[PDB]
Each structure stands twice: as C-alpha cells, then as structure tokens.
C-alpha cells in the first residue's frame, strides 16, 4: 500500500545545437505501483514517443525511459508530463539544454 512518487529528468542525448538532430529523453524513476502515464510534449502538444520495457531497481522501484527524435531550435519548447497515483496533478518538467 506504500506508494512511491516518480522522479523525472528531461534531457537530450547530446548537447543541444539549434538545428541539429538529437534525442529527447524523459527518465522517470523510483515509482510504485508501475502504472504511470509519461508524455513528451512539444509546445504543450503530445509527441509520438517510444517507451522502454518496464524494469526496477534494487529497492523494487520502477524506472522508465521515454524518448523520441527532436531538433532543438530557438523557438520550440519541450517538456515531460507525468501522471501517477501519488500525484494530485500531472507533474510537468520543462526541457532545458543546460538543466
């Protein structure tokens, strides 16, 4: 019955250049139960992304990687929205090429 909130990190695979093909990652971890909604957002609208196969750490908490292709520029905004039983409301983390 002990539910554990998710941790979220939004980042790119490579240091972002404007106009350069890259990969946008959303790493969700430390959560339980496994049921969870993870969306990568572009300007607030949902991107088509793929999600890793469910796995967990030594402490039984699950982690997931949601990722997709994207090309950063000086105009487009990206973020990751996460819904979980432990969250009153969706948890949104903006993407920042510096963090």
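Numbering follows the first chain given and starts at 1.
40 to 48 and 23 to 31 differ in mean CA B-factor, and the higher of the two is recorded for 40 to 48. Residue 66: CA B factor lies in the lowest third for its chain, per the PDB record. In this PDB entry, residue 16 carries a Cα temperature factor that places it within the middle third of its chain's modelled residues.
Looking at the C-alpha B-factors along this chain, the one for residue 93 belongs to the middle third. Looking at the C-alpha B-factors along this chain, the one for residue 81 belongs to the lowest third.
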